[PDB]
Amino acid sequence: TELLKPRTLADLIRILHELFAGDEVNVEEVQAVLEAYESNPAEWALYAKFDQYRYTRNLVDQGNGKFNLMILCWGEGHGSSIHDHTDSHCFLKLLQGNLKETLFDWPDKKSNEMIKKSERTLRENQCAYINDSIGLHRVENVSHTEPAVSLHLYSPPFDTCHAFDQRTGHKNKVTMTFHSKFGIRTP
């Protein structure tokens, strides 16, 4: 009920366990708390494990089963597919660098080019929110010189989703994997 500024990543995690103690989710409250945590690189260095060729997903907390909290690491020019979020809430907070978020509408069943609804540049410490009822999105680090690090919370947890072909709107099921869990590389 009473939202306080998270002092550290650990404190944020404790607050998040409180916010997800029940069966529902106050989206605006979760977003405010995520936004209020000041990114401190020393606190999340353990999870910030990059790969040269694509972005990595690094599990931080399993939220007592109610959410997955993870850190995504985007090399220069690394980006995602256009994807949905499997009927889950999805929060994205920038911890380092910038990411471009492009929004798309759910495709009609006819094969057509997916045209962008809009785009925005998410900046350090800002927290965005998406869910399937809002639409689909692609997230990209368009920087040539700066890696980006983001903190993502999904509730309920999911490890599969759909990728959408921008040319047709065709979807394919994708299994998402973790690069690391609790700071441990999981090959």
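From 1 onward, residues are counted along the sequence shown.
**Message:** Going by the mean C-alpha B-factor recorded in the entry, which is higher: 117-125 or 38-46?
**Reply:** It is 117-125 that shows the higher mean C-alpha B-factor.
**Item:** Greater mean Cα temperature factor according to the PDB record, 87-95 or 107-115
**Value:** Looking at the record's C-alpha B-factors, the answer is 107-115.
**Candidate set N64, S155, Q31, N131 [ranked by C-alpha B-factor, highest]** = In this record, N64 carries the highest C-alpha B-factor of the candidates.
**Modelled-residue ranking by C-alpha temperature factor, third containing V174** = CA B-factor rank for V174: highest third.
**Prompt:** For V27, does the deposited CA B-factor place it in the lowest, middle or highest third of the chain?
**Reply:** Middle third - that is where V27 ends up once the chain's C-alpha B-factors are sorted.
**Request:** Ordered by C-alpha B-factor within the chain, which third holds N58? Give me lowest, middle or highest, please.
**Result:** According to the entry, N58 has a C-alpha B-factor in the chain's lowest third.
**Message:** Please place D159 in the lowest, middle or highest third of its chain according to the CA B-factor in the PDB entry.
**Reply:** For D159, whose C-alpha B-factor we compare with every modelled residue in the chain, the answer is the highest third.
**Request:** Could you say whether, by C-alpha temperature factor, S180 belongs to the lowest, middle or highest third of its chain?
**Result:** Its C-alpha B-factor belongs to the lowest third of this chain's values.
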